[PDB]
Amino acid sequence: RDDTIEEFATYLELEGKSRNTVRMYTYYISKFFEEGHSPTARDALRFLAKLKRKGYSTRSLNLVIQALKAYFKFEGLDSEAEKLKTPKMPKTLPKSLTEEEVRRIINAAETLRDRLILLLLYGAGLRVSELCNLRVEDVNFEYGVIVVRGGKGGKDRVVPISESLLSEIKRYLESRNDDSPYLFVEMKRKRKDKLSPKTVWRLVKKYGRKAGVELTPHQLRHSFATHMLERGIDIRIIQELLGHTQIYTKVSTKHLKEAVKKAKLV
């Protein structure tokens, strides 16, 4: 019942936690279960915002959050554990890009590899790391989708793509003399390892310049968002395709079909 919390505290002592932090965590954890909250990511938040309205600092909230998170790891509930991430400060973004601009950026590609990167980042709206990490095995030709591996503690995801894109991928894969798992690779002294985010970033500004726009990888993911919506795709599916509980997969390949996104330039 409570002897657990005594144990949780020494747990933290041994993980190198400061005896005052331990004091604090233990404090809030006890309080949490005193209310009657249950060991989930929902009751965490329904406990946290009560504090917020009661007037608690940001550093104070951040601490409570991380206290709960550490506890969940201890209970072993690692599902509920990563759900608790302190939502990032939302920035406003540059104006969304147009079809004309996207066309000019795509068409600026020196190589097919570069082209496929751009086309994926936008036609599939990938994050830079999803891209940097996407293993070629995840390009599923039978269903005509990319599977975007769920990251450190996220969820797997399935982005349908066109035959046109699936074609260029084949063409490009045929052309690959290496044993690297990854869809994209950069040449080094150590021939053929994985892309960094720096590299995607360098590469995106390159073509951004040639097509005459100050550009970033995100700008492509975001125009994906915008245009999917301009086309008349309900915001929820788009919010599905993008990641960030009615889901489907033959509807995704269907609605992404009607969008004709990538096709409307290649």
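Just count from 1 along the sequence shown to find any residue number.
> With respect to the deposited sequence, how many residues separating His244 from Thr245 are not represented by coordinates: none, 1 to 3, 4 to 9, or 10 or more?
The entry has a gap there, with 4 to 9 residues left out between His244 and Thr245.
> Could you check the entry and say whether 110 to 118 or 189 to 197 has the higher mean CA B-factor?
Between 189 to 197 and 110 to 118, it is 189 to 197 that shows the higher mean C-alpha B-factor.
> Could you check the entry and say whether 146 to 154 or 159 to 167 has the higher mean CA B-factor?
Looking at the record's C-alpha B-factors, the answer is 146 to 154.
> Going by the entry, which of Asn133, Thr86, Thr98, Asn177 has the most elevated CA B factor?
Top of the list by C-alpha B-factor: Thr86.
> Which has the highest CA B-factor per the PDB entry: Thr226, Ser38, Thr26, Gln219?
The record points to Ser38.
> Could you place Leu48 in the lowest, middle or highest third of its chain by Cα temperature factor, using the values in the record?
As the PDB entry reports it, the C-alpha B-factor of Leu48 lands in the highest third of its chain.
> Lowest, middle or highest third of the chain for the C-alpha temperature factor of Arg202?
It belongs to the lowest third of the chain when residues are ordered by C-alpha B-factor.
> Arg104's Cα B-factor: lowest, middle or highest third of the chain?
Middle third by C-alpha B-factor.
> In terms of the chain's CA B-factor thirds, is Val213 lowest, middle or highest?
Answer is middle: the recorded C-alpha B-factor places it there.
> Against its chain's modelled residues, does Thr249's Cα B factor rank lowest, middle or highest third?
Top third by C-alpha B-factor.
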